[PDB]
Amino acid sequence: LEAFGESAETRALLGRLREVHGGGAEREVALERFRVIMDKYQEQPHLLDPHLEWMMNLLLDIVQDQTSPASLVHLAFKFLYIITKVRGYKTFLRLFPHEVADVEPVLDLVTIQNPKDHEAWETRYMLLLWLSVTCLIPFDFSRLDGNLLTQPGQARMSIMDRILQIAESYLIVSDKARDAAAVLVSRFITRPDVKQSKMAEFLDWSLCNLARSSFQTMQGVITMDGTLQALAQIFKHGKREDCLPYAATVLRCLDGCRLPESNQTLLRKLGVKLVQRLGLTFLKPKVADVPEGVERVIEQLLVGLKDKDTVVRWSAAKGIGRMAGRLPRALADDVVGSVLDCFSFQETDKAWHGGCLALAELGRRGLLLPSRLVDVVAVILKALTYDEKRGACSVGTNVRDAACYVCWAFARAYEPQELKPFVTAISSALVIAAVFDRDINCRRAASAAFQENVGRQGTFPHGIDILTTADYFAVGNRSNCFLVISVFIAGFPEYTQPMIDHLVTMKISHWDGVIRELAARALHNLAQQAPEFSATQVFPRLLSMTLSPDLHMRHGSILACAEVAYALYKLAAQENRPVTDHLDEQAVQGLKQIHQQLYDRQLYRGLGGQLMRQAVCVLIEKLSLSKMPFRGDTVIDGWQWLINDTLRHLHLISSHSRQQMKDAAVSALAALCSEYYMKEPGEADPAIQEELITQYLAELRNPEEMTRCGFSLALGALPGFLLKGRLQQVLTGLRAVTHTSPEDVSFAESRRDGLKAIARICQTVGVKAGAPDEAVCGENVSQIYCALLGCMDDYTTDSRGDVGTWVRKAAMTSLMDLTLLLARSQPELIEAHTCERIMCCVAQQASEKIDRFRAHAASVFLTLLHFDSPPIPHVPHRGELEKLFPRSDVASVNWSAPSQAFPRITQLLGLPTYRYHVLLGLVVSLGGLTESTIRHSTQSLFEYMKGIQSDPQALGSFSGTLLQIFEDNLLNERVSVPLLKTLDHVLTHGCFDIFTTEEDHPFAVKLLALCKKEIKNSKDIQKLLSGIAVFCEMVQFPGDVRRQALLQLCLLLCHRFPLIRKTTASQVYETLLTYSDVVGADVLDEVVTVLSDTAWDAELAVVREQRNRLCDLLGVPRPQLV
Amino acid sequence: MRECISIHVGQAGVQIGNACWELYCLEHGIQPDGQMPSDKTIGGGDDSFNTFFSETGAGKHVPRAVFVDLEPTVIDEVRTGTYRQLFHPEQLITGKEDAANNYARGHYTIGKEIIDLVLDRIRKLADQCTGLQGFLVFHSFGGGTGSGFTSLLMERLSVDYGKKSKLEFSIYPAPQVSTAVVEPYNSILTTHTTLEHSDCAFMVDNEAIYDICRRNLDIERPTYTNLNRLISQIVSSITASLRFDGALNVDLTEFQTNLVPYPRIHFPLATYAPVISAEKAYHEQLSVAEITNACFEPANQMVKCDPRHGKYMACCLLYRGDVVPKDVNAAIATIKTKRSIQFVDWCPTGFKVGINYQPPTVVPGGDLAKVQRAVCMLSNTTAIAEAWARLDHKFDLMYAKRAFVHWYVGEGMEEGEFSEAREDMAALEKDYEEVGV
Ligand SMILES: Nc1nc2c(ncn2[C@@H]2O[C@H](COP(=O)(O)OP(=O)(O)OP(=O)(O)O)[C@@H](O)[C@H]2O)c(=O)[nH]1
Ligand SMILES: [Mg+2]
């Protein structure tokens, strides 16, 4: 925002006040419009400075007119107040009028205010501040009154007297006017005449208010806060020789008031404020004989730093800083020593915030002496690292903020030579914090302090270089500070060992898991800039931390060890040398005892068992990916075991960390099998290959589900050299699970994982034409495609919902991974029928009603269609599909959004091979329950039907396909109601208006019979309603079908459920009102009356007669009891 | 001699305890204030009723009980009740927050703050006793303070006092009395948790007692007072063996040897007769063979099952009042010549009979009537397995959806607890089927 680009709108809104002050709806609209326009500049209202005056004068020529009604004046004052909250009063009041002709017009307006009118509080607020901006006039209030003895019988009261009676009344109110009363007295008693006239009276009133008021009675607390604020403002904006005489009685009364013990945060803050206001009245202002009251003031202000709230701690720190700046240089040392006591071992973390704030306030003025450098600094080094856990919450944010504030105030508290001794401990602190700090406020707080230090002083090692990179915006993302900027800072030798030490000490022992993972990932990269230091000093450290009793510390140390080992292996892989060159025998000896020291302490149980398993699996993966020298050693046999047990106890892991555990275990198994299970180049161990495979295969039949789910992915992660002659068995074992058996009905995750495992195995072994038990060949490629397609019709619906859909997802990602592979090896294997079936299935799963599975299906379809290297052979209407989905438009498509998917999927009906499946899939969305999906699908279907409604051939083929879909899903509860609703919608829209010309069309003649057979003996209410609607829509077709529909509608009118009886008549009324040719005008006034008068929800025996009577009118044979 | 301590947790538990103590005071003649005019050995000593009442200096008979609850509402009625002078103020323990029908809360969150106080109170109460037998805990399975806290206290009592029995008097919930849908979820958890810390367990089917009150007692809508009185009558008929120096079941360790031949199988079936209404005070008369033939009726049992199919493992009859051994023998011969029954031939236990020559007692002004003789049959049977087949079934109905399960995991326990609990249920069912053959 560079300028106010809403001047005309605001001007019009302000001008409309004179013709919107008599409205209640328009008034609120204009207010809400003025508020939202002014709130845009709440973060930078200075841009509105050039406009302030004109808008202010506009609002003033409405409240400064004599023909202005109270209501119109109240809206102007509300607007005026809206401009004083955004710009603030201290800056917006300087433009208000201040002429001597504005003293009585403003006091007289202040004397017509209703104190009991809560709706007009903005008016009173704007009144008091205006009256206060008018007390600056450089004249005596006496010159203005003139002659008071002009009214005989009753003398007029003086202006000054009226103002004293206005301030005392507004200083005991409960609205916001009391705050405006605090700003008025500050500019009323601080002038010469008022000082000599009413100062004593106001002081007696205040001392009486704070001598009778309490912090328990509500109005008493209201009287306490206002009096304290008034006293503080008077002592702040008051002369020191007119005030010092009263400083002795004010403190004596405040001491007896007992504020520290009172249970009010505002009262204590105001009390500390008033105590620091009186404290400076005794000393002389300095520009860089100690009365006894100063000691009492200091004793009160040094007890306001241990408060339980920060609002009082900040005030106490400000008071201490303002007092130290006025006292001599001798008492300053004692004050600093007394303030330093807040950082004692027995003091809580709350006392540390106040101490650091006081230290910063003292350093800002330059009062700390050099002798206080070895101590104060020694404390700051700790305050920057304050981060403790007090039960379930964490504390240390405000401590670090105050530490950064103190650091930022040391660039002007000492000379460059005075602070030259601690530029190696403070530069390392600032940098370390700005780099690893958790909170973003502290990080940027440490960034600004370092900038100020390098700007003012400029003695820190590489100040400009560290400031250019680690700037205010660069430290915004925490991830960028740990993995990028950290390495850049460590590039220099002055910020390498300290940062690594701070990371290994505190960050590794942190309570947050994400922070530990980030610290480990940062150490991974930092080890590159210091391999020797990380291999000789950090590795022993982390190794000793893996034997700690702390769980989080053990996990962090294990992660750090794994990351350092991986980094050392990567670094050594460049020079083509073994990883043992970095780690010593003792180091590789301790990496073979981590797991045996955990399993022997039973550290794999409880809530920490999952974390320990994750850490050990990550360590095993990082060690196997480095080709460590543990081949032949029994330690390997241990690692493998720890994996199996995990896959055997996955159900024990929480539901919020089982997928990650399974993935990590599978990755560790994959890294281990392709490293420690190889006998020769290209071969594998016969004993292990046999035992592991037999165990895994026999495990697939365990009735437990999570075990099968884990072992599936385990099989799907084995290398290729271990399946050179065992594929014919692994594939059969995986396919045996993909089948749905009577016992494994609700077992969907097992098959979902088996499909993914088959995908991975097929991808690893590849294609070799001739070798069935070694690779995917033309002998074991058909079975695979048949097993993958048999899991695409998984519509299992249970109490958990449509869980089968999950399996379908695994069928879309698996079938793809196979196809793309064949095209990249032996495209001939991709048969035409199989490819057509896969495409039709993908089309159906992309025309579904769920939004996340439908979106996944469209992406898979586009990926399979946009494959050109080489082009997948046997693609029905390939060119048609390519023209319908150009590559340029696919870059921006919201497939998840039905609006941006249904109109693009409905066009597939034009293709014969897709027309059937696509419609079977779209029926579920056209007859589902989602309203938006129903609307979008119906609109997209009508947009396509409009193009083939006047075509007897296209419309006929569409109706035939719809009826074939209906027949194929006869008596199917998942396709009966949705398809019936779709037919009802299509009939209501009038798409089949051509078949209604002749009589007895082959379409309706069988559609009616199918609907009858579907609704024959049905108790579902939704199904009954759908059938009734279909039979009430099918009446448009003349011939025997019309008479049969009327007989069915009469049969349904007398159903067991009165609700159905009423709904049938309600729908028949609409059907008769729609089609007029169905019934002649000679018996039309006889049907509507019988339907409106007869109560179809009453006795069924009585309604049978009325219903039978409607059979003698419609001309429908009257049924009987069979 | 040896005494006993009864811990009453939950609402139903404290109600049953109050009813039992009222009935005991009415039988022994102890007035509400705690004045036994029949007692002569003041200060202390050894008597038949001393196993459940501690004597003070002023002759006050303080019941040896501990009523604990996580809410002050329920204990307020006891503190302000007619028996306020009977129980000691310290024996009543209250809590500020309840479990809201949750097992994890009562076993972790709220239980961890009150378990220490409960253990301290139990230790203080046991310091006066010279020889304790066990801990008669009273709870149910439809709440979170009756299952969770009960299991948490059993876990600590099995470690503090391992050489002491641990009898229970659970209350099997019903779908008509159910107050929550996660009522089963609590049941399974506490059942799996007290298996190795409980010798004998007594379960009360809510529907069975409801139907008994509707039919026998003749009540339109039986309330919780009507069901708390019958449970007190049952508890008194069962504890008469310990309160009157009965020959059969002299101590608590005999309940495990007579009615618990197998450690895992410890859920006997308890039935009682007769059940006359207050209106029909002198309408019909029942012999010792007409009341012993009424305890072999499914509708007269406390749990709905069909013992005629399965076989019995044990059997203990207890008569209370005017009963001659000849009448008992005649009733046994009648039961042995009329009804067809099966029994485990390889069981290390058999049939036992005991008599207590004491007149029955009923709460004056209540719905029950004073009878001349009473019978109580405690027989372990495989038919109780049916009572489980229902409970477990509901668990499955709530396991396929995992509804309301996250509330239990987000309080302390993990997810493997449910698999362990249902795995413990499968093993129990297999053991029952094996014993039934
Ligand atoms: N027989 C009987 N059953 C009762 C009584 N009070 C409650 N119940 C049953 O006990 C179950 C409710 O448990 P409560 O004891 O009320 O609750 P709680 O165990 O104290 O636990 P929280 O509600 O979690 O504090 C349901 O099955 C009730 O029908 C009672 O006086 N007699
Ligand atoms: Mg309760």
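Labels below follow one simple rule: chain letters A, B, ... track the order of the sequence lines, proteins then strands, and each chain is numbered from 1. Scope of the values below: all heavy atoms of this structure, side chains included, with no hydrogens, waters or symmetry mates.
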By side chain to side chain donor-acceptor pair (under 3.5 Å) - contacts of A:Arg516 (at least two apart): A:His552, A:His555
Cation over ring face, B:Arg402 and B:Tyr399, 6.0 Å, 45°: yes
Sorted by number, residues from residues 605-617 of chain A in contact with chain B (heavy atoms, under 4.5 Å): A:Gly606, A:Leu607
Audit row: B:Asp396, B:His393, side-chain hydrogen bond (donor to acceptor under 3.5 Å, both in side chains) steps and yes/no: CA-CA 5 Å; B:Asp396 298 321; B:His393 167 91; 5.5 Å; no
Contact class of A:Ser799 relative to chain B, heavy atoms under 4.5 angstrom: both
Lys NZ or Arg CZ of B:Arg422 over B:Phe395 ring: under 6.0 Å, within 45°: no
Rounded distance (nearest 0.5 Å) linking atom CG of A:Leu619 with atom OG of A:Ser557: 10.0 Å
Pair B:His406 + B:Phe404: ring centers closer than 6.0 Å: no
